[PDB]
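Visitor: Submitted below is the structure of interest, expressed as structure tokens.
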Amino acid sequence: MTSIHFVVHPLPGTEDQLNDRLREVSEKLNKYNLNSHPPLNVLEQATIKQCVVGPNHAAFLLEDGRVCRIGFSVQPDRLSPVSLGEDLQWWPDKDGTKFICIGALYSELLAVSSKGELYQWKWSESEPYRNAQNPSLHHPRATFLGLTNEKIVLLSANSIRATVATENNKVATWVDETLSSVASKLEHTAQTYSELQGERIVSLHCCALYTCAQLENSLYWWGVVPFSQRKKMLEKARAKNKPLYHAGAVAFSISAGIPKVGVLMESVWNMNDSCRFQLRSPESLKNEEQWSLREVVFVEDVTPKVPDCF
């Protein structure tokens, strides 16, 4: 038995604001003791293993192998401040899937079954993926990842990135559907690494850039190198020879809470300088924004060799 509460904390701020919001939710729980929301009343009685929050919805996991989704939106005039959806949509259960782990992505969700299958479906639509040609295959990227014949034991997710570790100690990483033009660099299929000594992968966590795995007595991180290290390498490559980036190079950013892919108009000379970018709309693959220099990735991978940002 439990009760569900919501709170909103504006991102640029200090820990004091977070503590103040937690204080407010505690006071609401104690001083006033407001009634529970009927839409989540059923979910209150059920135990919870994990919960994830998407860009616009939230997904709850059950100990009985059940996953549910609900809609939320935060209004600025009232800034519970979160207005929830009128109705909650469950997971269509066939043959008792009995999921284990869940994760949230910008364009979809991710689930792991008891046998292990990356069940997923987008936030826009309302049905789990159903391949007509292969009714036993879900997550059309599953074959490309190479996880269609393995037992998934750990899953981790962020807005754009996802990673899965199987029982065979193989870590497979990829990005979201929106970020596809850069997938040639950030994606590794199912593969065992000699860095992992073969012990049971205790935990896997990831962020918008890289991913860290916790073993029994070690932490191993991989992905994009930190921006401070990127700047250090850039200043230790061009300057030591005594046009950092050519124009028209594509990249992606997670600025303002939305991952967007765009090109750069002019070459960058000073790394700390903020450069304008030309937005590349997702529909254009099938307007002008001055992106922050630090959040840009420069995925184009553009005398000794150029330092690698990966």
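As shown in the structure tokens, the chain order sets the letters A, B, ...; within each chain, residues go from 1, and ligands are also counted from 1 in the order they appear.
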Using only C-alpha atoms, determine which residues lie at most 6 Å from range 138-151 of chain A, disregarding the query and same-chain residues fewer than 2 positions distant; provide the list as a list in words.

Guide: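 Using only C-alpha atoms, the neighbours found are residues 116, 119, 120, 129, 166, 167, 189 and 190 of chain A.
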
Visitor: Mind dumping the selected residues with N, CA and C atoms as a short mmCIF file (atom, residue, chain, number, x, y, z; two decimals), in the first residue's frame?

Guide:
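File written: result_32.cif
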```cif
data_model
loop_
_atom_site.label_atom_id
_atom_site.label_comp_id
_atom_site.auth_asym_id
_atom_site.auth_seq_id
_atom_site.Cartn_x
_atom_site.Cartn_y
_atom_site.Cartn_z
N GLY A 116 12.72 -12.20 -22.03
CA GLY A 116 13.63 -11.18 -22.49
C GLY A 116 13.40 -10.80 -23.94
N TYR A 119 10.23 -5.28 -25.74
CA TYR A 119 8.91 -4.75 -26.06
C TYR A 119 8.91 -3.23 -25.93
N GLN A 120 8.35 -2.55 -26.92
CA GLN A 120 8.35 -1.09 -26.91
C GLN A 120 7.19 -0.58 -27.75
N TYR A 129 4.37 -2.61 -30.51
CA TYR A 129 4.86 -2.91 -31.85
C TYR A 129 4.46 -4.33 -32.26
N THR A 166 22.85 -8.30 -21.44
CA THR A 166 22.23 -9.61 -21.45
C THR A 166 22.95 -10.55 -20.49
N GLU A 167 22.40 -11.77 -20.37
CA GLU A 167 22.99 -12.76 -19.47
C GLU A 167 24.38 -13.17 -19.94
N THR A 189 26.40 -2.93 -31.45
CA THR A 189 25.52 -4.09 -31.39
C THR A 189 25.92 -4.99 -30.23
N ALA A 190 25.22 -6.11 -30.09
CA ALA A 190 25.49 -7.05 -29.01
C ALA A 190 26.92 -7.57 -29.11
#
```

Visitor: Can you list, as a PyMOL selection string, all residues belonging to range 68-280 of chain A that DSSP tags as helix (DSSP H, G or I)?

Guide: chain A and resi 142-145+183-186+227-235+239-241+255-257

Visitor: Do a neighbour search on residue 225 in chain A at 7 Å with only C-alpha atoms, toss out local chain neighbours closer than 2 positions, and write the hits as a PyMOL selection string.

Guide: chain A and resi 223+227+229-230+309-310

Visitor: What lies within 7 Å of residue 98 in chain A using only C-alpha atoms, ignoring chain neighbours under 4 positions off, as a list in words?

Guide: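 Selected residues are residues 64, 65, 66, 113 and 114 of chain A.
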
Visitor: How would the residues just picked look written out with C-alpha atoms as an mmCIF file, in the first residue's frame?

Guide:
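Final file, part_39.cif:
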```
data_model
loop_
_atom_site.group_PDB
_atom_site.id
_atom_site.type_symbol
_atom_site.label_atom_id
_atom_site.label_comp_id
_atom_site.auth_asym_id
_atom_site.auth_seq_id
_atom_site.Cartn_x
_atom_site.Cartn_y
_atom_site.Cartn_z
ATOM 1 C CA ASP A 64 3.165 -8.835 -11.182
ATOM 2 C CA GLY A 65 4.798 -8.125 -14.551
ATOM 3 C CA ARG A 66 2.443 -5.306 -15.555
ATOM 4 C CA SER A 113 9.923 -9.533 -20.667
ATOM 5 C CA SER A 114 10.494 -12.524 -18.405
#
```

Visitor: Name the residues in contact with residue 282 in chain A at a cut-off of 10 Å, using only C-alpha atoms, excluding same-chain residues fewer than 6 positions from it; report them as a list in words.

Guide: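 So, after excluding close chain neighbours, the residues are residues 178, 179, 180, 260, 261 and 262 of chain A.
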
Visitor: Could those selected residues go to a file with N, CA and C atoms, as a compact mmCIF listing (two decimals), in the first residue's frame?

Guide:
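Once everything was written out, this is again_18.txt:
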```txt
# COMPACT_ATOMS: atom_id res chain seq x y z
N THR A 178 14.51 9.49 -33.17
CA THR A 178 14.72 10.85 -33.66
C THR A 178 16.17 11.08 -34.07
N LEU A 179 17.11 10.57 -33.29
CA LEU A 179 18.54 10.68 -33.60
C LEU A 179 18.93 9.44 -34.39
N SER A 180 18.93 9.56 -35.72
CA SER A 180 19.29 8.46 -36.60
C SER A 180 20.49 8.75 -37.48
N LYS A 260 17.50 17.99 -30.59
CA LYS A 260 17.39 18.48 -31.96
C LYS A 260 18.71 18.28 -32.69
N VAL A 261 18.62 17.95 -33.97
CA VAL A 261 19.78 17.74 -34.83
C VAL A 261 19.84 18.88 -35.83
N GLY A 262 21.02 19.49 -35.97
CA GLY A 262 21.18 20.61 -36.88
C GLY A 262 22.62 20.75 -37.35
```

Visitor: Hey, what's within 12 Å of residue 1 in chain A if we count only C-alpha atoms and toss same-chain stuff fewer than 5 positions away? As a compact mmCIF listing (two decimals) with N, CA and C atoms, in the first residue's frame, please?

Guide:
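Saved result, result_34.txt, follows:
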```txt
# COMPACT_ATOMS: atom_id res chain seq x y z
N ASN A 41 -5.95 5.70 -8.16
CA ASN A 41 -6.38 4.99 -6.96
C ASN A 41 -6.07 3.50 -7.06
N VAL A 42 -6.30 2.90 -8.22
CA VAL A 42 -5.99 1.49 -8.41
C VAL A 42 -4.49 1.26 -8.27
N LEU A 43 -3.68 2.15 -8.86
CA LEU A 43 -2.23 2.01 -8.80
C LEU A 43 -1.69 2.13 -7.38
N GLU A 44 -2.42 2.80 -6.49
CA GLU A 44 -1.93 2.97 -5.12
C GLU A 44 -1.82 1.64 -4.40
N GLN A 45 -2.83 0.78 -4.54
CA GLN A 45 -2.83 -0.49 -3.82
C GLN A 45 -1.76 -1.45 -4.32
N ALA A 46 -1.34 -1.32 -5.57
CA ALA A 46 -0.39 -2.26 -6.14
C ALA A 46 1.05 -1.84 -5.83
N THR A 47 1.89 -2.82 -5.52
CA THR A 47 3.30 -2.57 -5.31
C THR A 47 3.96 -2.15 -6.62
N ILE A 48 5.07 -1.44 -6.51
CA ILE A 48 5.76 -0.87 -7.66
C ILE A 48 7.22 -1.31 -7.62
```

Visitor: Got a sec: who's within 10 Å of range 86-97 of chain A, counting only C-alpha atoms, leaving out chain neighbours fewer than 6 positions off, as a list in words?

Guide: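 Contacts, with the query itself left out: residues 38, 39, 40, 58, 59, 60, 65, 66, 67, 68, 69, 70, 71, 72, 112, 113, 114, 115, 116, 117, 119, 121, 126, 127 and 128 of chain A.
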
Visitor: Grab the residues selected above and save them as a PDB file, in the first residue's frame with N, CA and C atoms.

Guide:
```pdb
ATOM      1  N   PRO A  38      -8.519   9.831  -7.980  1.00  0.00           N
ATOM      2  CA  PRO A  38      -9.167   8.600  -8.461  1.00  0.00           C
ATOM      3  C   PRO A  38      -8.435   7.945  -9.625  1.00  0.00           C
ATOM      4  N   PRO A  39      -7.869   8.700 -10.585  1.00  0.00           N
ATOM      5  CA  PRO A  39      -7.205   8.017 -11.712  1.00  0.00           C
ATOM      6  C   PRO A  39      -6.058   7.111 -11.300  1.00  0.00           C
ATOM      7  N   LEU A  40      -5.371   7.416 -10.202  1.00  0.00           N
ATOM      8  CA  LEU A  40      -4.275   6.591  -9.716  1.00  0.00           C
ATOM      9  C   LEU A  40      -4.665   5.742  -8.514  1.00  0.00           C
ATOM     10  N   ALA A  58       4.062   9.223 -18.219  1.00  0.00           N
ATOM     11  CA  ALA A  58       4.774   8.461 -17.206  1.00  0.00           C
ATOM     12  C   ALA A  58       4.347   7.004 -17.278  1.00  0.00           C
ATOM     13  N   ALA A  59       5.286   6.111 -16.978  1.00  0.00           N
ATOM     14  CA  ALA A  59       5.048   4.677 -17.026  1.00  0.00           C
ATOM     15  C   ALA A  59       5.403   4.056 -15.685  1.00  0.00           C
ATOM     16  N   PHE A  60       4.487   3.251 -15.161  1.00  0.00           N
ATOM     17  CA  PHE A  60       4.655   2.571 -13.888  1.00  0.00           C
ATOM     18  C   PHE A  60       4.764   1.072 -14.121  1.00  0.00           C
ATOM     19  N   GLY A  65       4.494  -8.188 -13.132  1.00  0.00           N
ATOM     20  CA  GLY A  65       4.798  -8.125 -14.551  1.00  0.00           C
ATOM     21  C   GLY A  65       3.807  -7.323 -15.365  1.00  0.00           C
ATOM     22  N   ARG A  66       3.398  -6.160 -14.868  1.00  0.00           N
ATOM     23  CA  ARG A  66       2.443  -5.306 -15.555  1.00  0.00           C
ATOM     24  C   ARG A  66       3.002  -3.896 -15.660  1.00  0.00           C
ATOM     25  N   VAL A  67       2.722  -3.250 -16.787  1.00  0.00           N
ATOM     26  CA  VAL A  67       3.177  -1.892 -17.055  1.00  0.00           C
ATOM     27  C   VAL A  67       1.973  -1.048 -17.436  1.00  0.00           C
ATOM     28  N   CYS A  68       1.906   0.163 -16.892  1.00  0.00           N
ATOM     29  CA  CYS A  68       0.828   1.091 -17.195  1.00  0.00           C
ATOM     30  C   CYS A  68       1.412   2.445 -17.566  1.00  0.00           C
ATOM     31  N   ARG A  69       0.612   3.244 -18.267  1.00  0.00           N
ATOM     32  CA  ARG A  69       1.017   4.578 -18.682  1.00  0.00           C
ATOM     33  C   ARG A  69      -0.083   5.578 -18.367  1.00  0.00           C
ATOM     34  N   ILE A  70       0.334   6.807 -18.058  1.00  0.00           N
ATOM     35  CA  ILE A  70      -0.577   7.897 -17.740  1.00  0.00           C
ATOM     36  C   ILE A  70      -0.012   9.181 -18.334  1.00  0.00           C
ATOM     37  N   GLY A  71      -0.905  10.113 -18.650  1.00  0.00           N
ATOM     38  CA  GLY A  71      -0.519  11.386 -19.238  1.00  0.00           C
ATOM     39  C   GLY A  71      -0.442  12.478 -18.185  1.00  0.00           C
ATOM     40  N   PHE A  72       0.566  13.339 -18.322  1.00  0.00           N
ATOM     41  CA  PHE A  72       0.759  14.450 -17.402  1.00  0.00           C
ATOM     42  C   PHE A  72       1.164  15.693 -18.178  1.00  0.00           C
ATOM     43  N   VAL A 112      11.283  -5.064 -20.741  1.00  0.00           N
ATOM     44  CA  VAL A 112      11.977  -6.344 -20.812  1.00  0.00           C
ATOM     45  C   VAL A 112      11.045  -7.414 -20.268  1.00  0.00           C
ATOM     46  N   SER A 113      10.808  -8.451 -21.064  1.00  0.00           N
ATOM     47  CA  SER A 113       9.923  -9.533 -20.667  1.00  0.00           C
ATOM     48  C   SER A 113      10.659 -10.527 -19.774  1.00  0.00           C
ATOM     49  N   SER A 114       9.897 -11.480 -19.232  1.00  0.00           N
ATOM     50  CA  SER A 114      10.494 -12.524 -18.405  1.00  0.00           C
ATOM     51  C   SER A 114      11.473 -13.370 -19.209  1.00  0.00           C
ATOM     52  N   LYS A 115      11.094 -13.743 -20.433  1.00  0.00           N
ATOM     53  CA  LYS A 115      12.029 -14.429 -21.316  1.00  0.00           C
ATOM     54  C   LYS A 115      13.082 -13.472 -21.856  1.00  0.00           C
ATOM     55  N   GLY A 116      12.721 -12.205 -22.030  1.00  0.00           N
ATOM     56  CA  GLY A 116      13.634 -11.182 -22.495  1.00  0.00           C
ATOM     57  C   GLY A 116      13.396 -10.799 -23.939  1.00  0.00           C
ATOM     58  N   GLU A 117      12.631  -9.729 -24.138  1.00  0.00           N
ATOM     59  CA  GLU A 117      12.332  -9.186 -25.456  1.00  0.00           C
ATOM     60  C   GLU A 117      12.050  -7.704 -25.281  1.00  0.00           C
ATOM     61  N   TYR A 119      10.229  -5.281 -25.743  1.00  0.00           N
ATOM     62  CA  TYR A 119       8.910  -4.748 -26.059  1.00  0.00           C
ATOM     63  C   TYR A 119       8.913  -3.231 -25.927  1.00  0.00           C
ATOM     64  N   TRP A 121       6.777   0.647 -27.458  1.00  0.00           N
ATOM     65  CA  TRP A 121       5.820   1.345 -28.303  1.00  0.00           C
ATOM     66  C   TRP A 121       5.923   2.841 -28.047  1.00  0.00           C
ATOM     67  N   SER A 126      -0.749   4.134 -29.714  1.00  0.00           N
ATOM     68  CA  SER A 126      -1.337   3.501 -28.538  1.00  0.00           C
ATOM     69  C   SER A 126      -1.357   1.978 -28.621  1.00  0.00           C
ATOM     70  N   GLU A 127      -0.454   1.365 -29.386  1.00  0.00           N
ATOM     71  CA  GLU A 127      -0.394  -0.086 -29.465  1.00  0.00           C
ATOM     72  C   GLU A 127       1.057  -0.544 -29.413  1.00  0.00           C
ATOM     73  N   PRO A 128       1.331  -1.683 -28.784  1.00  0.00           N
ATOM     74  CA  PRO A 128       2.688  -2.232 -28.824  1.00  0.00           C
ATOM     75  C   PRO A 128       3.069  -2.633 -30.240  1.00  0.00           C
TER      76      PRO A 128
END
```
